[PDB]
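Structural overview for review
Next come the chains, spelled out residue by residue.
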Amino acid sequence: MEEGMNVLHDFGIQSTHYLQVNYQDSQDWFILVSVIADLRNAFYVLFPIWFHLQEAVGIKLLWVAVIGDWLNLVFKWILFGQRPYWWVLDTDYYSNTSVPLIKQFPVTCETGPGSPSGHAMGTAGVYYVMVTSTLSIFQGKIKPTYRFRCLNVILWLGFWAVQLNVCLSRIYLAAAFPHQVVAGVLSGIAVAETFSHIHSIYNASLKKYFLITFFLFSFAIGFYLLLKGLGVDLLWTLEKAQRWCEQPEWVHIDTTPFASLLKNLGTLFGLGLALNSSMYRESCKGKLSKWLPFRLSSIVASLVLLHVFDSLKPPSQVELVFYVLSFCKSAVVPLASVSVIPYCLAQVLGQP
Ligand SMILES: O=P(O)(O)OC[C@H]1O[C@@H](O)[C@H](O)[C@@H](O)[C@@H]1O
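These lines cover the structure that appears in this document, whether it is placed above or below. Note on numbering: positions run from 1 along each chain as its sequence is written and may not match the entry's numbering; residues without coordinates are not listed. Excluded from the side-chain calculations are hydrogens and water; all other atoms, namely the structure's heavy atoms, are used.

**Some details on the overall build of the protein chain**
A run of DSSP states H or I qualifies as a helix once it reaches four residues; a run of E qualifies as a strand once it reaches two. Both are numbered from the N-terminal end. Along the backbone of the protein chain there are 15 helices and 0 strands. Every radius of gyration here is taken over C-alpha atoms, with the globule rule written as 2.2 Å times N^0.38, N being the number of residues. In terms of C-alpha radius of gyration, the protein chain reaches 22 Å, essentially the compact-globule figure of 20 Å for 352 residues. Exposure classes here rest on a 1.4 Å probe applied to the protein chains alone. A residue is buried below 20% of its type maximum, exposed above 50%, and partly exposed in between. Counting over 352 residues, the protein chain shows a buried share of 45%. Contact criterion: two residues are considered in contact whenever any of their non-hydrogen atoms come within 4.5 Å of each other. The contacts in the protein chain between residues at least 6 apart in sequence include a share of 83% that link residues at least 24 apart. Only the protein chains shown count as cover for residues, and the accessible areas themselves come from Shrake-Rupley with a 1.4 Å probe. As presented, the protein chain carries roughly 18700 Å² of accessible surface, and 66% of it is formed by carbon and sulfur atoms. For the protein chain, the centre of its 23 positive side-chain charges and the centre of its 20 negative side-chain charges are spaced 18 Å apart. Two residue types count as positive, namely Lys and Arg, and two as negative, namely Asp and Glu; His and chain ends fall outside the count. Every charge is mapped to an atom, namely NZ of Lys, CZ of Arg, CG of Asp or CD of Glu.

**Structural notes on the state of the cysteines**
Disulfides are defined in this document as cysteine sulfur pairs within 2.5 Å. Following the criterion strictly, the structure yields 1 disulfide and no others. Put simply, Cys109 and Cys245 are joined by a disulfide, and their sulfur atoms are 2.0 Å apart. Between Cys109 and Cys245, the S-S dihedral sits near 130°, and the bridge is therefore right-handed. Of this pair, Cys109 sits in the loop between α5 (84–90) and α6 (118–137) while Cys245 sits in the loop between α10 (240–243) and α11 (257–275), and the two are 136 residues apart along the sequence. Here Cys109 matches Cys245 in class, with each residue buried.

**Observations regarding the site of the ligand**
All residues adjacent to the ligand are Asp69, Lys76, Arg83, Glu110, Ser117, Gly118, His119, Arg170, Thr255 and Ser260. Here a polar contact means two N or O atoms within 3.5 Å. Within protein one must be a hydrogen donor candidate and the other an acceptor candidate, and residues neighboring in sequence count only if both atoms are side-chain atoms. Contact between the ligand and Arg83: an oxygen atom at 2.8 Å from a side-chain N or O atom of the residue. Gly118 places a polar main-chain atom, nitrogen or oxygen, 2.8 Å from an oxygen atom of the ligand. In isolation the ligand offers 400 Å² of accessible surface; the protein chains occlude 86% of this area. Elements with a contribution of two residues or more to the shell around the ligand: α4 (55–79) and α6. Under this grouping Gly is polar, as are all residues other than the nonpolar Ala, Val, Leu, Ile, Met, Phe, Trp, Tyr, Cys and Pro and the charged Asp, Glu, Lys and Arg. In terms of residue class, the shell around the ligand is made up of no nonpolar, 5 polar and 5 charged. Put simply, a residue is near a molecule or strand once any heavy atom of it comes within 4 Å of that molecule or strand.

**What to know about a nonpolar patch on the surface**
Judged by side-chain polarity, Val318, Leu320, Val321, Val324 and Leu325 come together as a nonpolar surface patch covering roughly 400 Å² of accessible area. Given the relative accessible area of 35%, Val321 is considered partly exposed. Patches in this entry comprise residues that are over 30% relatively accessible and not in a salt bridge; like charges within 9 Å are linked, as are nonpolar side chains (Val, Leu, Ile, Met, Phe, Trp, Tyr) within 5 Å. The term salt bridge refers to a side-chain nitrogen of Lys or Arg lying within 4 Å of a carboxyl oxygen of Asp or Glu.

**Some thoughts on the pattern of salt bridges**
As enumerated under the stated definition, the model contains 3 salt bridges in all. A salt bridge links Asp90 to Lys240; the shortest N-O distance between them is 3.2 Å. Of the two residues, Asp90 is situated in helix α5 and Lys240 in helix α10; the sequence distance between them amounts to 150 residues. The residue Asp310 makes a salt bridge to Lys329 at a minimum N-O spacing of 3.6 Å. Pair noted here: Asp310 is in the loop between α13 (292–309) and α14 (319–330) and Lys329 is in helix α14, with a separation of 19 residues, a long-range link. The class for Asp310 is buried, based on a relative accessible area of 16%. Exposure remark for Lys329: the relative accessible area of 19% places this residue in the buried category. The network of salt bridges with shared partners includes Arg40, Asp310 and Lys329.

**Some words on helix α3 (residues 39–53)**
Expected span, for any helix, means 1.5 Å times one less than how many residues it has. Taking 1.5 Å as the rise per residue, α3 with 15 residues should run 21 Å; its terminal C-alpha atoms sit 20 Å apart, in good agreement. Where α3 bends most, at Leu46, the angle is about 40°, and the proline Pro48 comes one to four residues later. Considered for burial, the residues of α3 that qualify are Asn41, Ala42, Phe43, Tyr44, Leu46, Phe47, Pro48, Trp50, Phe51 and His52. Two axes define the bend at a residue: one fitted to the seven residues ending there, one fitted to the seven starting there, and the bend is the angle between them.

**Some thoughts on unusual backbone geometry**
As a rule of thumb, non-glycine residues mostly have phi less than zero, and peptide bonds are mostly trans rather than cis. That bond from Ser115 to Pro116 is cis: its omega, -5°, falls within 30 degrees of zero. With respect to the helices and strands, the residue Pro116 is situated in the loop between α5 and α6. One non-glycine residue, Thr145, lies in the positive phi region at around 70°. With respect to the helices, strands and loops of the structure, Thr145 is situated in the loop between α6 and α7 (147–172). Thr145 gets classed as exposed once you look at its relative accessible area, which sits at 52%. The phi torsion at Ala174 lies on the positive side, around 55°, for a residue other than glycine. Residue position: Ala174 is located in the loop between α7 and α8 (178–194).

Structure follows, in structure tokens:
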């Protein structure tokens, strides 16, 4: 079976080399694409706008993002994926021949397993959710049967253009293989379609949120400990993304599996706290609820303040402190977006 993996890996290496040699002028564009395709944006800028435009779409988007990322982490641990930027320097394949010369970039060195691709899955799920929601909302046009079809065609072309751009960006930076991005896209599509039939998430008590979060934490930690007690470790990539990196400062703690898990669980718990609170009821379910200026002000403030607040970086000297502070920091963005800032605007606008 290893021959097939070698064949796909060699095809990915050749694709990366061709893209890097024949299109040397597009490195800035692909770096920008990879930066934009981050889930940080999905949690910081995409969620507030959709939540303050239509609550159900925002809740669905956040749930899809968090659950898809958790499933991605679990399947990354299960599948034992690889990356080109250390495989090309570690493999025995290019022994009787010449090693292809692929170049590494500051946003290339990643400390997690390869398949499935996280960027492709995370972007596919969120953008499918947004496109489907928009198409569902706009079934009210003046002249139908050609204008609605025009909008449908335009949106479904844009979605696939975005997906192709993200796949090419991940391949160019020598961070993923061509099959991993396709698998990630299909998995994100499947997850976004599966959450279209689950309805016991829009009105859930804090007890259910707490139990779901604790189960998600405990399953991952128990999986890690159970495997660690049987002779296999799921953190083997931290020693491969360290020697095979051109510069030492390019390897960051922010991309480790524990950091991602803690951030996801913090976001979910923060949403659970924000939804079941007195401030949320007093602000988002009052007289200034559907008023357009209030919602626009909420979007603007929750964008500006969140952008400024993202500049507070927890210390990385001690790993446990970093993890707990990452959880606490990720638990705040739902809170500030949903409960606090709308409350402040409610006591500002309607209290003269
Ligand atoms: O492996 P990919 O597809 O290049 O993306 C990996 C990224 O996927 C994201 O889901 C994780 O939060 C990041 O920590 C990780 O770096």
